[PDB]
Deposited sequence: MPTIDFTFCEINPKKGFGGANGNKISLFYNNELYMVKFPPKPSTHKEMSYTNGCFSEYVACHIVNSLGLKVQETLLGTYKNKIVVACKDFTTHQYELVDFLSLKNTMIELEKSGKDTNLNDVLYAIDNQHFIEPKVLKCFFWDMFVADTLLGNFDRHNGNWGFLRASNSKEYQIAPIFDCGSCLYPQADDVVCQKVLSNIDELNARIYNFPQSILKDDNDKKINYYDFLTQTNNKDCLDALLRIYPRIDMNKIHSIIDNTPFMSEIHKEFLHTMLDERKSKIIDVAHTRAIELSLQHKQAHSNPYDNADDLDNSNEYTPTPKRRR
């Protein structure tokens, strides 16, 4: 039916960072979880769905289960910093890049790129391939916050940590009234495709990078390679199924995402991929 975490054993000797909603440690089927709570003045859903799409993409993602916790809908992310594994995020790494007078929190794309090539945790080709793999995923999903504290490495010395924190994908602000507006108006819809959301990663002019523009204009062989690579792993029939099998989501929402994913896939990915394909030899 639907999971319920309410009674599972909490682990009180563990906490989690991040500035959106609380989270606690707890066992489920003999495994530990980080259980994100929603904030309130709907990213629990983005987090579950987005990740499951990333999985279907053959990329290493955190396991995610919708469930209830004391009358609050909750996303449970399997915990990958157990068994004596520690997470160091990219931020902390970029902070070692002292020859750039810019701080690790900074998301200017070129610097981020530079640090990848200059870091010594992971073979820079592996790391660079991952990064763009992730950027494509993020493109499809509309991740508006893949900052340097939203990916990283596990140490026991290092390996890439599974993609996490996709709570910022797929329109977390959208509610049934918004889903409604957009679905009934191509103009609105378009604004949520070309203009916004934008990547948290910046150009050398300090603007957030535009998903559509960037991807349909890049000559970065690394970004282009990763398109040609992930494009085939994309399976709309599955992605829609992930959406259909989302546990609490209203129906109106469910079809907002259906539409939105088809559109993103078609007006950004398809297009960019198609050009990507055309640049060979």
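> What ranges of the deposited sequence, counted from 1, have no C-alpha atoms in this structure?
Replying inline: No C-alpha for residues 1, 43-51, 167-170, 296-325.
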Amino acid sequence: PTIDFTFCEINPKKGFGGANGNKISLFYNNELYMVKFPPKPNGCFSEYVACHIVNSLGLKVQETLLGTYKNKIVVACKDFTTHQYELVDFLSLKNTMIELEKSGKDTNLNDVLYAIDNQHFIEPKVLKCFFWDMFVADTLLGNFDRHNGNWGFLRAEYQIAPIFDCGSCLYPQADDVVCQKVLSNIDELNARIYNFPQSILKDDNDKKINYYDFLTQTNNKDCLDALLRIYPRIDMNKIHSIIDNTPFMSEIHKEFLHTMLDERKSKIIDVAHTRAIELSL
From here on, numbers count along this sequence of modelled residues.
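> Hey, which bit's got the bigger mean C-alpha B factor in the entry, 180-188 or 147-155?
Replying inline: 180-188 has the higher mean C-alpha B-factor.
> Which of the two stretches, 205-213 or 171-179, shows the higher mean Cα temperature factor in the record?
Replying inline: If you average the C-alpha B-factors of 205-213 and of 171-179, the larger mean comes out for 171-179.
>> Sorting 30, 250, 55, 64 by Cα temperature factor from the record, which one lands on top?
In response: Each of 30, 250, 55, 64 was compared by C-alpha B-factor; the highest is 250.
>> Based on the deposited C-alpha B factors for this chain, I'd like to know if residue 222 is in the lowest, middle or highest third.
In response: CA B-factor rank for residue 222: middle third.
> residue 261's Cα B-factor: lowest, middle or highest third of the chain?
Replying inline: Residue 261: CA B-factor falls in the middle third of its chain.
> With respect to C-alpha B-factor, does residue 49 fall in the lowest, middle or highest third of the chain as deposited?
Replying inline: Bottom third by C-alpha B-factor.
> Should residue 163 be placed in the lowest, middle or highest third of its chain by the C-alpha B factor in the entry?
Replying inline: According to the entry, residue 163 has a C-alpha B-factor in the chain's lowest third.
> Sorting the chain's CA B-factors, does residue 138 end up in the lowest, middle or highest third?
Replying inline: Answer is lowest: the recorded C-alpha B-factor places it there.
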